[PDB]
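J.: following this: a sequence and the matching experimental structure.
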Amino acid sequence: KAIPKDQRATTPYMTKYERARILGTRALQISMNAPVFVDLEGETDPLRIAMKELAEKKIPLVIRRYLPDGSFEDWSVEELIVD
Amino acid sequence: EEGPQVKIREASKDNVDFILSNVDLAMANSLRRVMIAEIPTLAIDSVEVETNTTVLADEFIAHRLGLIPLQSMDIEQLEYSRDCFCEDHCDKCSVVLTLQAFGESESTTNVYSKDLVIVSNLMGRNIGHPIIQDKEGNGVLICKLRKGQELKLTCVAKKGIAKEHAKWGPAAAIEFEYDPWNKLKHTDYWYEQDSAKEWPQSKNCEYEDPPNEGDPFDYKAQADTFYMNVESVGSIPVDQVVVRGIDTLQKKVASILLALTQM
Amino acid sequence: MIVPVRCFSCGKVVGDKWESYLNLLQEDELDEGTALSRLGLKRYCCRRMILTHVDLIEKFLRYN
Amino acid sequence: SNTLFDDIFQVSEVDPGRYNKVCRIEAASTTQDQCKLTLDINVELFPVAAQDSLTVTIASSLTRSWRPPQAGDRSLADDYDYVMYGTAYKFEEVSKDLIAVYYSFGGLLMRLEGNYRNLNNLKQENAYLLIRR
Amino acid sequence: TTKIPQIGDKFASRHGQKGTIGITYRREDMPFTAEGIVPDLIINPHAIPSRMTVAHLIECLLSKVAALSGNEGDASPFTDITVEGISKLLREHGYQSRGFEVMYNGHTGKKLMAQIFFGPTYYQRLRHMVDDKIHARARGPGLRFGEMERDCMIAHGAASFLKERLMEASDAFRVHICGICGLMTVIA
Amino acid sequence: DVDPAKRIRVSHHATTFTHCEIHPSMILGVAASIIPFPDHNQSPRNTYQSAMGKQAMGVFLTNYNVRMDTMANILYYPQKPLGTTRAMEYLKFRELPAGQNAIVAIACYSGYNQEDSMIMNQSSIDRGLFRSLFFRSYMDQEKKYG
Amino acid sequence: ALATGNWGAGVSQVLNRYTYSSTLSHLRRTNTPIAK
Amino acid sequence: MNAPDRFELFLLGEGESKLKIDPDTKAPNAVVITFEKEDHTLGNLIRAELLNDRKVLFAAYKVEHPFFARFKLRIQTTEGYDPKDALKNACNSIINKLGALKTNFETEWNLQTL
Amino acid sequence: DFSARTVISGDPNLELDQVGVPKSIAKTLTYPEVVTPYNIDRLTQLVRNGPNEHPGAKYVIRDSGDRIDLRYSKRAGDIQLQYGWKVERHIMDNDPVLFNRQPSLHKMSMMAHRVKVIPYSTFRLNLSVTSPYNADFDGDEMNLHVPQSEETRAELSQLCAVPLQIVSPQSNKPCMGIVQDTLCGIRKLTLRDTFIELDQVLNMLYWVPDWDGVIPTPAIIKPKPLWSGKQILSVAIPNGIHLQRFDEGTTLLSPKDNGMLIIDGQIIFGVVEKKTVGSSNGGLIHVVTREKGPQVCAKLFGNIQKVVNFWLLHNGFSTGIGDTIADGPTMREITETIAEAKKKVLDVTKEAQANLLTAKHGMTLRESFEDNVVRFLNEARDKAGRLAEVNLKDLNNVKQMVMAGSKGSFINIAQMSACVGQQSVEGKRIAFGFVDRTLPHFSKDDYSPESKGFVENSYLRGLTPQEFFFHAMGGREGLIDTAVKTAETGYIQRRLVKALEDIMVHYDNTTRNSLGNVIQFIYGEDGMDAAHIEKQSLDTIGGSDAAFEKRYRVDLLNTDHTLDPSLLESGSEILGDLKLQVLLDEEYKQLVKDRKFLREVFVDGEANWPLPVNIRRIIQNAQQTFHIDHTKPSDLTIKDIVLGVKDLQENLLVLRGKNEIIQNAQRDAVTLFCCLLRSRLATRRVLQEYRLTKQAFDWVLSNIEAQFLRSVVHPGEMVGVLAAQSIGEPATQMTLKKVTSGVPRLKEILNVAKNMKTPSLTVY
Amino acid sequence: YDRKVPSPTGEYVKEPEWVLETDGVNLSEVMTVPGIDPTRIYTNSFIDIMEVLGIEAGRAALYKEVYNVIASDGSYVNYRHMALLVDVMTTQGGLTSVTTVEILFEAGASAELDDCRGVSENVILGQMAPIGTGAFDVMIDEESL
Ligand SMILES: Nc1ccn(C2O[C@H](COP(=O)(O)OP(=O)(O)OP(=O)(O)O)[C@@H](O)[C@H]2O)c(=O)n1
Ligand SMILES: [Mn+2]
Ligand SMILES: [Mn+2]
Ligand SMILES: [Zn+2]
Ligand SMILES: [Zn+2]
C-alpha cells in the first residue's frame, strides 16, 4: 500500500545491506554478459564493475523498503546516499 | 695475499679449526651456510630390494643406506643424473652398489657398509667407496641377522646437495663465533648477580685482548674476525669442505653475472 | 631399533660407534660418559645419540 | 635556512633510571636564573658526568631521503660532537610569563624553560640539536 | 607406511602442553650455538608462564647434564634434587648454569641479543596427524553447517548465502495459486 | 642450618607412628609415573599428560612384526629419556620407550611457532628424527547363511 | 558377555595397545557407574 | 601428499628466470630484482657489499615467505649510476674476495701437519 | 557441500584477511564461473590445465545443461568455450571464502577471507584473527566454505569480511589486536634504549610494503647515524593518526616512558604494549579503523607484524628456569613472610582453643576461625609474591612478557617463584575425610596450615607429598567445574539465540519480533550501532561548582569574566556587549541544566560512558589539519559558535517523521549525545582551550555530523542474534563470592527461578 | 559501604554508610520498617521486585542482575544487548523465561497464520528470508535515462 515520494520518512542513506544486495545483483548480471553502463577502465571482475557502476550512479534499480505494517517506500539507487 | 685472511690453528683429517680475519660477517656466514648446505657429494638415493628376511622394514634399511657416507673426492667428474642424457642412470651419473648377506653363523651376523660392493664402472674417479674410520674397518652398522635370514639389495648412488636432503651433506657441525669479549655489544647478558661470574669465558678469548674498564664504548667497531672449525663426515676431506665451499659460493654469484649478461 | 647412522642434529656419523661403546664399557670398565668421550662424541647432541639408544633389534632377532 | 638558540649549560644531574645506554641530564644556564634543560641523551655514544658543562644549540638545518655521509666528508653544518634530530610537540607550556618548548628525538625527550625566544623556536619539527664538550 | 613428520603433526612434552609443527627449517637457517649445535625443535616462550610448567624447565636442565655427564638424570618426585644442585653440576661442565646459551642467527650470522634456553627435552609424537584429518567434500556424482553456523550468518545479514546453502538441489517446481483461497487448485 | 633451595618440610611433631610409607611416589599410577618432576607442576597438567602419553607412539611390544592388528604405530628410533623417575623401572619404559630426546630451543625466531606451535629442523627430520611406521590390517570373511 | 560389555555396561573393552604404558594403564583401570 | 619436491628450492620451474628486474615506482634510480631459487646465503652477501659502495643510497633484501626460495633485493643509487651496475660491481668484489680467501686457505693448509 | 576441513597453523607472512589453502584442497573445491569475453581467455587456460594441475577446472557445462567431465572426456584437450558456458574452476587467489571455528558462538567465529594458494597441508591464518575464532595451533581444525554464485560472493565480502569485523558490536571495541610474539617484541622494540643501525634499518623499512621510499632521518646523527625503535615502527602507522594516553604519572616528559603520544603518525613518547596495540578500547587499532577505514587498518596489522617479527627474529627472546629464581635475600623475606602468617594462625588457634574468640553475628565460631586463617594465609601468599615480582629485573623474561601484555600475570610469578598457596575444595580448606583428619600422616584435630591444605612451597621448589595431594584435590575440582561450565554454558547460549533470533531493526528504527510486535521503540534507546560507539567523558557532570563555572562561564560584561581579547579578534569589541551576553547566558543556562540532568541519570557521578562520535578526536584532528597556532586570536565570533552548535543539533538525526511524536523521540534519542556536545563545544573551551579558527570550527562540525549519521543502526540488522551471541559467548569464558555467581546464577536468571539459591535484601 | 555523593561545593565525595544485607527475602514487609530508606531497598530477587514494584521496576532489577553476572567475571558487554534480552523477557508484562504432524493438525484447527519471516520457513519455500539483505526488494528502475 505505497507511500508518496514526498513524505518519505526512512533514511536517505543506503544501508550495508542494500549495497550488498545491489552489488551482487548487478554483478550476477554483468557476469551473465549483460550490458554495462560505465567505462571499463580495465576492469574484468563483475563485482568490481558493479561497484564502479554504483559509484558513478548509473545503476538503475529501485529499493523497495517495507515497513512492518505492509506499507512501502521506494528509493532509487541514484538517490540514496552512499556512505 | 690481501683481503680475507686465514690462520689455521689445528688440523686433522677430520677437522680444521681456523680464524678468518679481515672479512664481513656476511661472507663469513654465507661460507657457513654453504658448507652446510650446498657442496656436492655422493649418496645412495635409490635401493631395489630383491630379498629381505631381516627384522627391519625395507624403507627403514633404504634410509639407512642413504645415510652411509660414500667417497666423494672426484665428485665434480660425476654429472647430476638430471643433467645426463642417459635414460634414467648410467656410469656418468651413478655408482651402483650391492649388498648381500645371509645369516650363515648360529650367533648373529652383522651387515656393515664395507659389505658394500660397487658394480659399475668407475672410470678410475675416486668415488663411491664406503667411508671407513673405526679401528676395525667395519664402518656403519646397517643391519643385523639371525641364522636363516637374508637380505638382497641394489643401490644407486647419485650426486646430491644437502638442501635437497641432508644425506648429501659433507660437513658436520661447524663451530663459529666472533667477539668473544663482548665488545661490539652485539648480545646482552642475562644474569642474576654478575654478568662475568656467571657466563663461561670462551676459549676464543685468550686470542684477543680484554677490553679496559675506562675505555668508553666503541662505536665504530665491526665484525672482522671469526673463530671457526669445520668438521667433516668424511666423504670429502676437510680442507676440501672449505675450499669447495668457497668455490660453490663463487660460482653462485657468477651465475648471477652470466644472467645479467643474458638480459 | 638399531643405532642410528648419524646424530639427528649435527650429521656426525654415530652408526659406526655402537660396538665399540658397548665393548668400552663391559670389556674396559669405563663409566658411560668417559666412554662416550673416548669415541670422540663430545657435543651433547651426539652424546645423547649413543646414550639413549635402545637396541631393540636384539630382541627382535629372538623370534624365528 | 638559520640557527636559533644556543647557550652553555651546567649539568646538575645525570639519572640513567632503568636503562643502560640512555640517561636524563638535569642541566642549568650559566648566565640566566630562569633558562633550564631536561634532556635525554645517548650516554654511550656521548657520555656525560655530574657538573660537566655544555655547549647547546638548536638549529634548523645544514623533507627528502636521507643519504649517508659523502656530503659528510667535507660539508659539516656541524663542528659539534653530538647532534640529534627531533620533533616539537611543544606544549607552549607558556607558564608563569616564561616559555617551555618540548621536542622528541625518536623519543629521547627535551624541554627548555625560559623567555626571550618566543619569536624564535619553530612551532614545528624539523628541529636539530647539537652539543660539544 | 612410513610417516615422516610434517607441518600439522602433533608433539608433546611430558608436561601436559602439545603443539603442531608449523614449519620446518633446514639446519643452516636455524639459530646455532658457538659450538655449532642447533635445535631440533623450537618452542615459544609464551607457552610457559601461564602454564606454570616449571617441570619442563628443570627437565631440560637436568637433561643437559645428563647428556654431558653420561648419567641418568633422576627426575623423580619427592627427592632432594634441586635446581641448585643441577645447575652446579652444569657449570662444572662449562655451561652457564641456568641453561642459557648465546646463539646466532642463522640467516645472518649475527649474534642474538638475548640468550636462549637450550637443552634436550623428551618429546613424544602423538598419533593422529594432518593426513588422517584433511578431507574436502564438494561432490561430482565436524565439517557442517549447523544451527550455530546459521545463526552466525543471520547475525551477519547474509540472506542470499543462507538460502543457497540451505536449499534443496530439489528443482524449483512451478504452480498456479488462487488469490482468494491460496491453494494449489488452479487449472492452467 | 637448612639448604635454602630445598623445599620446606614441617617436621615429626610425632612419637606415636605405627607405620611408614615405603615411598611417596607410589601414590601415583602408571601414567603419572612417567612424568618427570610432577611435584613441580600445576596439577591439571599432570592430568593432561596422563592422557596424552596414551597417544604417543613407541614400541608397544617386541612382537609387532608378527601380530596383526587393526592399527599400529612404532617409531623408528625410540630413545630412552634423559630424565626418568625411579618408577620407570618397573614400568619398563626404558626398554620400550615412546619418545625421543630432542634438542630444544625456547625462542621467538621468525613467529612460526606462535600459539602452541613448533618449528622442527628439517635436516633432523632427514636424518630420521620422529619418523615412524604405521600398519593397518584389513579383514574379510567368506560366504555365510546363503 | 566378554565380547559385549554386557553385565551392570562397558565392562569389557578392547585392550589398548598404543604404547606399552597405555596397556599397563588399561589393565589397571577402574570405573564407577552413576553424592560427590 | 601436498609437499613441493625438495629440488624446487635450487632449480628453475619451466618458464621462470634467475633474475627479473623491475623499476621502482616509489623513488628514483631504483630497482627491485627478484632472485629465484636463491635465499639468504646470496641475498644477505650481495646486499652487504652493495652497501660498502658510496654511490649506494639504499639496499635491502627479504624473503617474503619461507616456503618459497626466492628473495627480492631493492637497490637505489646516485644519479648517473645504474643500479644494475651496482650489482655487477658488487657481485665483482665478492668473487674477488673469495678468489682471495680460497688462495690464503689452500696455502695455510699446506703449511700444516696432520 | 563445497567445503573442506583441516588443521590450522599460524603464519606471520599472510595478511589479516587471507587464508592459506593448500593446493590439494584448492583443487577439490570449485566455483562455477560463467564464460564472458572478460574471462574467456583465463577460463580457457584453466580448462586446458584440468583437474589435476592448479589453476584449473573440473567441469565445463554448456548451454544444454551437459556436464563435460574433464578428467575423463576424450575431448578434454580440445574445448572451445562459448559465451554463457560455465566453467567450474578450481578456487584461486583472492576468491572469497568463509572460514569458521566451531563452536561458532558469535559471528566473528565465521568470517570471510581472501584465498591464498600454498603448499603444504594445513590452512593457514594470521596470528591476529586468532582470538575471535578462539583457535590456536596444537591441533585445532577449521572449516572453509566456498560460495557458489556472485551474490553470495558479494555478501561475503561486503559484510563478512575480516576487516569489517575489527571493531565489534559486542563490546564496542576491537575484537583483533597484536599478540604473542609481536607484542613481546613491539615493546622491546620501542624501549628508550633501543637503537638500530642503518643496515637493519633499511632492511626494516623495505619490510613494510608500502613505504613511500623515503629514509626517514635519524634521531642520532652525531657520533653515529642511529635511528630509534620508535621511529622505525612509526613507519607503519599511517599519516593523520593521533593518539594520547596518561598512565598513573605520565606527563609530557614521561620520565618512565609511559603513556603514549602519537602525532601525525609518529610516536613521540611511550613504550607500545597491550594497551596501545592490543584489542583495547581507544587504542591504535580502534583509532585507525575509524579514522581511515577497515582496509587500511587490516594492512596495519600486517605491517606492524612485518616489522616487528623482523626485528624480533634478530634480536631474539627466550625464557628459562632462571627467570623463576628469586634472590637469596628475597627468599629469606618470603620465608619469614610465610613464617609470620603461620604464627598469626597459631594465635588465632589458641585463642579459639581457649574459647576467647568471638563470632560476629550469625556466623559461627568456626566459621569465624576459618575466615580468619584463610585471610591470613592468602595475605601471605600475596605478600610473598609481590616480594618476588619486585626482585626480579627488567631483563627477567617472565617479567618481560607480563610487562608487555603478552602472557602471564602476577599469580604466575607468585606461584612459581614464592608460594603456591592455600588449596581449596568448595570454598573451604581441605576437609577431614578420614575421621578428624585430612590424611593418616597427621594426628586428629589438626587445624593448621599444613594439615588442611596450604602449600608453602613454590613450583620451583616443588611440593611435598601432602601438598601434592591437596593440590590435586584442588585441581580436580576445576577440571570438573570446567566441564560442567562448558556444558551449562553451551545450552544457555543456544537457548538465548533461539529466544531472540527473530528480532530485527526495521526501517522505522523500531526493533521487533516476527509478529511485528514492538520490543523497543528505537534500538538500544538511541538508535545507534554498537560498533560505532566509544567511551567518552561527559565534562559537565564532574567537578566543583567553582570549576565548572571557570571553565564554561563567559561574562561579557565583566572585566574579570569575559574572553581575553588575545582569544579572539573580536575581543575588544565585545566587551561590554549586551546582546552577545544574552546568548552566552542562554548557553550557560543550558550547561547548567545539562549538569543537573546528568547527575540525576548517573547518580554516582560517572562520567565516562559509551557514545557515538569521538569529538576529542575530531578536534585533535582539526588541530593537526589546520596547523593551529595556539599564539594568535581566533577569527571565530560568538555567534558563529553558539549558533553554530545549535544548528548542528538539529541535523543529528536518527528519526525522520514529520509529526510531533517522532520528533520528541528524536529529541529524546539524541539527548545524551547532545549534552556531550555542548559541553565540548562551549565558547570558552572553543576559544581558550581548543583555539579553533573559523575554518577548523566549521570542519569540526560537519565532521561531527557525518560521523553521527554513519553511527546510526541500519535497518535490517538482526540484533536479536546479536544480542544473544554477545551475551553468550562471553558467558562461555567464565572457566572460574558468598552469593551464587557466575553461570548458575545466570542460569537462575534466565530461568526465572522461584527458588533461588541465595536470596538477599540490601537495606539502606 | 562507600557512596559517591556530591559535596556541598559540588564535587563527588565518598561518604560511608552502613548497610544491612539479608538471607531471605520479604520485600513487602521489610520495606515498611521504620528507619530504613524505602526508596532505595533492593533485592536480587527480581521476582519480588516485580511483585512489589511492578514490571518496569522488574525489568530494571533484572538488568542489573544480568549485568552483575557478566561483570563479576570481569568482562564487558555493551548495554544494548542485555537491554534487548531483558525487554524480551518483560514485554508481555510479566517475567517470562528464555530457556511435527501433531503440530500441523493444531495449526489447522487453530487457523495459525505463519508470517514467513523466518529462515527455515523460507527455505522450505525456496526463498530468501526477509532478514538483512533480504529485508527489502529490488526492482528494475523504469523511471531512469
Ligand atoms: N591466551 C591464551 C592463554 C591460555 N590458553 C589455555 O591453556 C589451558 C590448557 O591448554 P590446552 O589444553 O592446550 O588448551 P587448548 O589448546 O584449547 O586444548 P585443545 O585444543 O586440545 O582443546 C586452557 O585452559 C586454555 O585456556 C589459550 O587458549 N589462550
Ligand atoms: Mn592450546
Ligand atoms: Mn587448541
Ligand atoms: Zn647418465
Ligand atoms: Zn650432534
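T.: Done, it's in. Numbers count the residues shown, from 1 in each chain, chains lettered A, B, ... in the order given. Ligands and ions are numbered 1, 2, ... in the order given.
J.: tell me where chain A has helices.
T.: A:16-31, A:46-55 (DSSP state H).
J.: also chain F?
T.: Under DSSP H, chain F gives helices at F:43-52, F:88-91, F:122-126.
J.: ditto for chain C
T.: Under DSSP H, chain C gives helices at C:18-26, C:32-38, C:44-51, C:57-60.
J.: in the second one, what counts as buried?
T.: Burial within helix C:32-38, assessed by neighbour count using 16 or more other Cβ atoms under 10 Å in any protein chain shown, is assigned to C:32-33, C:35-36. In this view, the C-beta of every residue, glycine as well, is placed from N, C-alpha and C.
J.: just checking, what packs against it?
T.: When contacts are defined as 3 or more Cβ pairs under 8 Å, 6 or more residues apart in numbering or on different chains; DSSP states H and E, helix C:32-38 packs onto helix C:18-26, helix C:44-51.
J.: cutoff 6 Å now
T.: Helix C:32-38 is packed against no helix or strand, with contacts defined by 3 or more Cβ pairs under 6 Å, 6 or more residues apart in numbering or on different chains; DSSP states H and E.
J.: quick one: that helix near ligand 5?
T.: No - for a cut-off given as Cβ under 5 Å from the ion, helix C:32-38 has no contacts with ligand 5; the smallest distance is 11.6 Å.
J.: spell out which parts of chain C neighbour chain B.
T.: Taking Cβ under 6 Å from any Cβ of the partner chain as the contact definition, chain C meets chain B at C:3, C:5-6, C:10-13, C:15-16, C:57, C:60-61.
J.: of all those residues, which two lie farthest apart?
T.: By the measure Cβ to Cβ, C:10 and C:61 form the most distant pair in the residues of chain C next to chain B, at 29.7 Å.
J.: ok, the residue in chain A that chain F sits nearest to - contacts?
T.: The nearest approach of chain A to chain F comes at residue A:16, 32.0 Å away (Cβ to the nearest Cβ). By Cβ atoms under 6 Å, 6 or more residues apart in numbering or on different chains, the residues touching residue A:16 are I:159, I:714.
J.: stretch I:306-324 near chain F at all?
T.: Yes - Stretch I:306-324 is in contact with chain F by Cβ under 6 Å from any Cβ, via I:309, I:312-313, I:317-318.
J.: buried sites along that stretch?
T.: Neighbour-count burial for stretch I:306-324 flags I:306-324 (criterion: 16+ other Cβ under 10 Å).
J.: repeat that for stretch B:42-50.
T.: For stretch B:42-50, a neighbour-count test (16+ other Cβ under 10 Å) marks B:42-47, B:49 as buried.
J.: equivalent analysis for stretch I:62-77, please.
T.: The neighbour-count check on stretch I:62-77 (16+ other Cβ under 10 Å) flags I:68, I:70, I:76 as buried.
J.: list the contacts for the first one?
T.: Taking Cβ under 6 Å, 6+ apart as the definition of contact, the neighbours of residue I:68 are residue I:60.
J.: equivalent analysis for the second one, please.
T.: Residue I:70 makes contact with I:50-51, I:58, I:76 under the criterion Cβ under 6 Å, 6+ apart.
J.: going by neighbour count, which of the residues you listed comes out on top?
T.: residue I:58 (22 neighbours; other Cβ atoms under 10 Å in any protein chain shown).
J.: and it, how close does it get to chain D?
T.: 52 Å (Cβ to the nearest Cβ, to the nearest Å).
J.: helix or strand for that residue, which one?
T.: Residue I:58 belongs to strand I:57-61 when elements are defined using DSSP states H and E.
J.: in its sheet, what does that strand sit against?
T.: Next to strand I:57-61 in the sheet, as set by DSSP bridges, lie strand I:67-69 (antiparallel), strand I:86-90 (antiparallel).
J.: nearest to chain A: which residue in the stretch 1-150 of chain B?
T.: Closest approach between the stretch 1-150 of chain B and chain A, counting by Cβ to the nearest Cβ: residue B:82, at 39.3 Å.
J.: re earlier: state the distance from the residue of chain A closest to chain F to residue I:703.
T.: According to Cβ to Cβ, to the nearest Å, residue A:16 stands 21 Å off from residue I:703.
J.: one more: residue I:345?
T.: For residue I:345, the distance to residue I:703 equals 63 Å [Cβ to Cβ].
J.: do the same with residue I:610
T.: As judged by Cβ to Cβ, residue I:610 and residue I:703 stand 19 Å apart.
J.: equivalent analysis for residue E:8, please.
T.: Residue E:8 sits 50 Å away from residue I:703, going by Cβ to Cβ.
J.: more neighbours, these two?
T.: Relative neighbour count places residue E:8 above the other of residue E:8 and residue I:703, with 27 against 17, counting by other Cβ under 10 Å.
J.: may I have the secondary structure class of the more buried one?
T.: Classification of residue E:8 using DSSP: H, G, I helix; E, B strand; the rest coil returns coil.
J.: find the nearest non-adjacent residue to it, please.
T.: Closest residue in space to residue E:8, ignoring its immediate chain neighbours: residue E:130 at 2.9 Å, by Cβ to Cβ, 6 or more residues apart in numbering or on different chains.
J.: surely that neighbour touches residue E:7?
T.: No - using Cβ atoms under 6 Å, residue E:130 is not in contact with residue E:7; the gap is 7.3 Å.
J.: quick one, phi/psi of residue B:37?
T.: Dihedral angles of residue B:37 (phi, psi; degrees, to the nearest 10) stand at phi -110, psi -30.
J.: just to revisit the earlier point, closest one of the buried residues of stretch I:62-77 to ligand 4?
T.: Among those, residue I:76 lies closest to ligand 4 (Cβ to the ion), at 35.1 Å.
J.: pull out the buried positions in stretch F:100-115.
T.: If you call a residue buried by 16+ other Cβ under 10 Å, then stretch F:100-115 has these buried ones: F:100-115.
J.: no no, stretch E:88-97
T.: For stretch E:88-97, a neighbour-count test (16+ other Cβ under 10 Å) marks E:89-90, E:95-97 as buried.
J.: from residue J:43, how far out is the residue in chain J positioned nearest to chain G?
T.: Relative to chain G, the nearest point of chain J is residue J:23 (23.8 Å; Cβ to the nearest Cβ). Residue J:23 is 11 Å from residue J:43, where distance means Cβ to Cβ.
J.: again, but for residue J:15
T.: Residue J:15 is 23 Å from residue J:43, by Cβ to Cβ.
J.: how close does residue H:40 get to ligand 4?
T.: 33 Å (Cβ to the ion, to the nearest Å).
J.: tell me which element the closest residue to that residue other than its chain neighbours is part of?
T.: Distances taken as Cβ to Cβ, 6+ apart put residue E:107 closest to residue H:40, at 4.4 Å, once the chain neighbours are dropped. Using DSSP H and E, residue E:107 sits within no helix or strand.
J.: can you give me the neighbour number for residue E:107?
T.: For residue E:107, the neighbour count with other Cβ under 10 Å is 22.
J.: do residue F:28 as well
T.: Neighbours of residue F:28 (other Cβ under 10 Å): 18.
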